[PDB]
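S.K.: Enclosed are the sequence and the experimentally obtained structure.
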Amino acid sequence: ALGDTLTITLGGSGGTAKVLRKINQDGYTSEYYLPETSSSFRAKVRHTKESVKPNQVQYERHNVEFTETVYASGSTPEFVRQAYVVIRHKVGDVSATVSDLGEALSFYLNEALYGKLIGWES
Amino acid sequence: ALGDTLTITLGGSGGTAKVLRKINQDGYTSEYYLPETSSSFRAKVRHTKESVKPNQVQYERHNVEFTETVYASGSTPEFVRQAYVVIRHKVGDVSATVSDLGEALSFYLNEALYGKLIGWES
Amino acid sequence: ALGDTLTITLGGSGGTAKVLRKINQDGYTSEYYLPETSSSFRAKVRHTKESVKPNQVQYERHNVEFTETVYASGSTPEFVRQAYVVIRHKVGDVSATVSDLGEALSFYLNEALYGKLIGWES
Amino acid sequence: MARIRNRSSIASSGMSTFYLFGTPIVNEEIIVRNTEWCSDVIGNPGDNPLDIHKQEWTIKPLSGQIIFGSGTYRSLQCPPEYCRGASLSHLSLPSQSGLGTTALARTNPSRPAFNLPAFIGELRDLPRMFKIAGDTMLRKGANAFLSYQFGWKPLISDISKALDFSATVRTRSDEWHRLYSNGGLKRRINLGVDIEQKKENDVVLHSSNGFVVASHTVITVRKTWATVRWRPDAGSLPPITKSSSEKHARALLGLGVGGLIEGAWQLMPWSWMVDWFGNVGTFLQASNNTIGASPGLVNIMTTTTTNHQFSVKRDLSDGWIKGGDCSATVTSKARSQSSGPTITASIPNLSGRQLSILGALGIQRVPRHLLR
Ligand SMILES: [Ca+2]
Ligand SMILES: [Ca+2]
């Protein structure tokens, strides 16, 4: 499922709306595309499961990424702008705890943190 | 820096606030820790450079990592939870647009998306 | 955490109060020092966790040390006085009863018992 | 002397005209006036406070035209009149407190030193030991001190070790005296970075030839750091004797046992060795393997900058008006001085291999009374 068109709204709530479309899906993966004169939008959704090895917990991983590429103009060559998240947990673990952890991570990140994190403070 | 304590609110903005404490700092690398009766909370932040290639543009990297460990109970062994983000963009490019990217992603994710996403949908 | 200075009251409650200065920090380790005309005061804090084993118990050890050294006078060389304590327990143990055991050990030691102990009274 | 200086540059200029009856009734001019003014002190070798107030603009001129009966008005390549005021200020930020005290406390370089060996007390006595031993052996041959497994070769080895120690201490003293110069030892700390962003709305950009409204956004950044220089107190330095006699002594030692058997030994520089060994011994025992130091003044520098960027709102403008985007930047810098209570610190002089050279010199196994 997940819908047919993926919406990216740069600028958070109330921003500019961009719409992609399904292109391809293989290996439990999915891709979205949108072409433009000066740039293009990529979106990929991936799933995976680690190799079973006998007496330890077995884990499943999820990944979603947004990528933005700008075509070279004049001297400036190609360059990309990408940002993604990864989730890892157990297979039979209750989903509510993982969803709450994800909500917490989303809520902590905001434009204030992005503005601050750029300074390499640590 | 940003401080010595970080607040994690499980379940998004619902509640269940958690306050980690700074434990270390080594070269733009920071991590906070907090022990609990049946769980341990730990966060990590990192910044770095790629290997220099003779004729390719340099790239920024930001990593923010959340993890969690649940202590073995009964016959159930140890297992972990985590969720982390990564941002990539070139050196010296405009910071505000890169901020808008990433925070667009953060706005996109929400509880319903995780409910769907955990179901191996794509 | 640990402030910029470590206060020590040598002689137990009601003694002369000194204040060591934060001078070094790395890998969960920190140390305090203060120079004095005839002697010096040294205090460091260390933490460590042992590596993981296939079938064993994972333990953690804390350490705290005070060290006191007096400079040479005439033909008498220098000598140092120090005393440190450690605590060891599993990774997921209950913190409160560990604190109770620590209180027990601290309460047992008093000036009279130190006097008896130094006399090699076993 | 303290001087106030004002300086400016032209950022942009343009023209706007209104026609009526086919005549340019009003053709007023617009100027953007980049401005900065500074204060500084000269003529005094000591470090002085200074501050800077500085501002620039960046404007994309308007364009378009509109026509009426026998009259028009036009603002082609005309920077907006809003820049004529250009009054801007930094956003409020949390206040710092007691930066000087914290910098002075954290910056102190005092730390423990290597422990002084026992023979440093006897350090002053080495020369006569060697002189008397050599003289007695020469007078009564080499058979002396065979009961103690001693001879010519151990004596030369010990004296060579002593020269090595003397040169090492000499070089270290030279380094300390160099350090006393050029302002002493300097250290730096960082006192945090503060970042804040806000949003503003409904900024009128033009008030003639129509009206223009634009959005407004502001960015603020502050840094803060401090530096201090630690210099040795005058008179606490070690002896700084130069040394070319050791080269001569080493040259004599190269002659071997046969040379010293000849009149060569009477060429040893005993007086220099006695004087300098006594001086270094009394200095080491006076101090405890450390040099004192005192802090100079403490300075703090706090740069502050902000960006003011605009985007044209087209919903409250005449249709012919196009463009008008512009941005502005304001920067300030400061330098200020402070001082705290008196403090003294100690820094190690020599460590480990420096002091371990002569800790096991072999002549110590002979009883003192034979020499003394
Ligand atoms: Ca924004
Ligand atoms: Ca929830």
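M.R.: In hand now; what should we look at? Numbering: from 1, shown residues only, chains lettered A, B, ... in the order given. Ligands and ions are numbered 1, 2, ... in the order given.
S.K.: number of nearby residues for residue A:91?
M.R.: When neighbours are counted by other Cβ atoms under 10 Å in any protein chain shown, residue A:91 registers 9. C-beta: built from backbone N, CA, C; applies to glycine.
S.K.: for the one 5 residues further on, same thing?
M.R.: Residue A:96 is flanked by 13 other residues according to other Cβ under 10 Å.
S.K.: how would you label it: helix, strand or coil?
M.R.: Using DSSP: H, G, I helix; E, B strand; the rest coil, the three-state assignment for residue A:96 comes out as helix.
S.K.: Give the burial count for the residue of chain A found nearest chain C, as a bare number.
M.R.: At 9.6 Å from chain C, residue A:55 is the closest residue in chain A, using Cβ to the nearest Cβ. The local packing of residue A:55 (other Cβ under 10 Å) involves 6 other residues.
S.K.: which SS class is it?
M.R.: Here residue A:55 takes the coil state, with states given by three-state DSSP.
S.K.: Can you give me the neighbour number for residue D:134?
M.R.: Other residues near residue D:134 number 18, with proximity taken as other Cβ under 10 Å.
S.K.: Am I right that residue D:331 sits in a helix?
M.R.: No - when three-state DSSP is applied, residue D:331 is found to be strand, with no helix at that position.
S.K.: where exactly do the helices run in the chain?
M.R.: All of this is about chain A. When secondary structure is read from DSSP state H, chain A shows helices at A:95-108, A:111-117.
S.K.: Let me rephrase: I mean chain D.
M.R.: Assigned by DSSP H, chain D shows helices spanning D:99-106, D:126-140, D:152-180, D:245-253, D:256-259, D:270-286, D:368-371.
S.K.: circling back to that earlier point, and the helices of chain A as TSV, adding distance to ligand 2?
M.R.: Output for the helices of chain A, formatted as TSV (distance: least, Cβ to the ion, whole Å):
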stretch	distance to ligand 2
helix A:95-108	5
helix A:111-117	21
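S.K.: if you compare these, which one is most tucked away?
M.R.: A comparison of these by mean neighbour count, using mean count of other Cβ atoms under 10 Å in any protein chain shown, puts helix A:95-108 on top with a mean of 20.
S.K.: Not counting its own residues, what contacts that one?
M.R.: Judged by Cβ atoms under 8 Å, 6 or more residues apart in numbering or on different chains, the contacts made with helix A:95-108 from elsewhere in the structure are A:85, A:87, A:89, B:6-14, B:16, B:64, B:66, B:68, B:81, B:83-85, B:106, B:109-111, B:114-115, B:118.
S.K.: Settle this for me: residue A:70 is touching residue A:41, isn't it.
M.R.: No - using Cβ atoms under 8 Å, residue A:70 makes no contact with residue A:41, being 11.4 Å away.
S.K.: End to end on stretch D:312-326, go ahead and measure it.
M.R.: According to Cα to Cα, to the nearest Å, stretch D:312-326 extends 9 Å from its N-terminal end residue to its C-terminal end residue.
S.K.: same question, stretch D:137-145
M.R.: Its first and final residues considered, stretch D:137-145 spans 8 Å by Cα to Cα.
S.K.: What's opposite residue D:67 in the beta bridge?
M.R.: Assessed by DSSP bridges, residue D:67 has beta-bridge partners residue D:72.
S.K.: What are the neighbouring residues in contact with the residue lying closest to residue D:272 once chain neighbours are set aside?
M.R.: Setting aside the residues directly before and after it, residue D:272 is nearest to residue D:245 in space (Cβ to Cβ, 6 or more residues apart in numbering or on different chains), at 5.1 Å. The neighbourhood of residue D:245, defined by Cβ under 8 Å, 6+ apart, consists of D:269, D:272-273.
S.K.: What subset of the residues you listed is buried?
M.R.: Taking 16 or more other Cβ atoms under 10 Å in any protein chain shown as the criterion, what is buried in the contacts of residue D:245 is D:272-273.
S.K.: OK, contacts around residue D:33?
M.R.: For residue D:33, the contacting residues are D:8, D:10-11, D:86, by Cβ under 8 Å, 6+ apart.
S.K.: Also near chain C: which of the residues you listed, exactly?
M.R.: Filtering these for proximity to chain C (criterion: Cβ under 8 Å from any Cβ of the partner chain) leaves nothing.
S.K.: mind giving me CSV with those and columns for neighbour count?
M.R.: Compiled in CSV, these are given as follows (neighbours: other Cβ atoms under 10 Å in any protein chain shown):
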residue, neighbour count
D:8, 11
D:10, 9
D:11, 19
D:86, 17
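S.K.: ok, which pair from these is furthest apart?
M.R.: Between any two of the contacts of residue D:33, the greatest separation by Cβ to Cβ is 12.9 Å, found for D:10 and D:86.
S.K.: Please enumerate the shared neighbours of these two.
M.R.: D:32-33.
S.K.: Which residue comes closest to residue D:192 once chain neighbours are left out?
M.R.: residue D:224 (6.2 Å).
S.K.: residues near that neighbour, how many?
M.R.: Residue D:224 is flanked by 18 other residues according to other Cβ under 10 Å.
S.K.: The helices of chain D into a markdown table, with extra columns for distance to residue D:209?
M.R.: Formatted as a markdown table, the entries for the helices of chain D read as follows, by distance: least, Cβ to Cβ, whole Å:
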| stretch | distance to residue D:209 |
| --- | --- |
| helix D:99-106 | 51 |
| helix D:126-140 | 97 |
| helix D:152-180 | 68 |
| helix D:245-253 | 89 |
| helix D:256-259 | 104 |
| helix D:270-286 | 84 |
| helix D:368-371 | 107 |
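S.K.: Ok, which of those helices comes nearest ligand 2?
M.R.: helix D:99-106 (43.1 Å; Cβ to the ion).
S.K.: and that closest one, what does it pack onto?
M.R.: strand D:185-206, strand D:212-232, strand D:298-301 (3 or more Cβ pairs under 8 Å, 6 or more residues apart in numbering or on different chains; DSSP states H and E).
S.K.: And the shortest one, how far out from the chain middle?
M.R.: Distance, stretch centre to chain centre, for strand D:298-301: 11 Å (Cα atoms, centre = their mean, to the nearest Å).
S.K.: Please point out which parts of it sit buried.
M.R.: Judged by neighbour count using 16+ other Cβ under 10 Å, the buried positions of strand D:298-301 are D:298-300.
S.K.: Return the member of those residues nearest to chain C.
M.R.: Ranking the buried residues of strand D:298-301 by separation from chain C, with Cβ to the nearest Cβ as the measure, puts residue D:298 on top at 16.4 Å.
S.K.: list the contacts for the residue nearest in space to the middle of chain A?
M.R.: Centroid check for chain A by Cα atoms, centre = their mean gives residue A:65 as the closest residue, at 2.5 Å. Under the criterion of Cβ under 8 Å, 6+ apart, the contact partners of residue A:65 comprise A:42-44, A:82-85.
S.K.: how about those residues, which pair is most distant?
M.R.: When the contacts of residue A:65 are compared pair by pair using Cβ to Cβ, the two farthest from each other are A:42 and A:85, 15.3 Å apart.
S.K.: so which of the helices and strands packed on helix D:99-106 gets nearest residue D:349?
M.R.: Closest approach to residue D:349 among those is made by strand D:212-232 (11.0 Å; Cβ to Cβ).
S.K.: got the CA coordinates for that closest one in PDB?
M.R.: Written as PDB, here are the backbone C-alpha positions of strand D:212-232 (Å, rounded to 0.1, in the frame of the first residue of the first chain):
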ATOM      1  CA  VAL D 212       5.500  47.000  -2.000                       C
ATOM      2  CA  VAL D 213       5.200  44.600   0.900                       C
ATOM      3  CA  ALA D 214       7.700  41.800   1.700                       C
ATOM      4  CA  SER D 215       8.300  39.100   4.200                       C
ATOM      5  CA  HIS D 216      11.100  39.200   6.700                       C
ATOM      6  CA  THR D 217      13.300  36.600   8.400                       C
ATOM      7  CA  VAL D 218      16.200  37.100  10.900                       C
ATOM      8  CA  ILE D 219      19.200  35.000  11.900                       C
ATOM      9  CA  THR D 220      21.400  35.700  14.900                       C
ATOM     10  CA  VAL D 221      24.800  34.100  15.900                       C
ATOM     11  CA  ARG D 222      27.100  34.800  18.900                       C
ATOM     12  CA  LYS D 223      30.500  33.400  19.800                       C
ATOM     13  CA  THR D 224      32.600  34.000  22.900                       C
ATOM     14  CA  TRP D 225      36.100  33.100  23.800                       C
ATOM     15  CA  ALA D 226      38.900  34.200  26.200                       C
ATOM     16  CA  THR D 227      42.700  34.100  26.200                       C
ATOM     17  CA  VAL D 228      45.400  34.600  28.800                       C
ATOM     18  CA  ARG D 229      49.200  34.500  28.900                       C
ATOM     19  CA  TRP D 230      51.100  32.900  31.800                       C
ATOM     20  CA  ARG D 231      54.600  34.200  32.300                       C
ATOM     21  CA  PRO D 232      57.300  33.100  34.800                       C
END
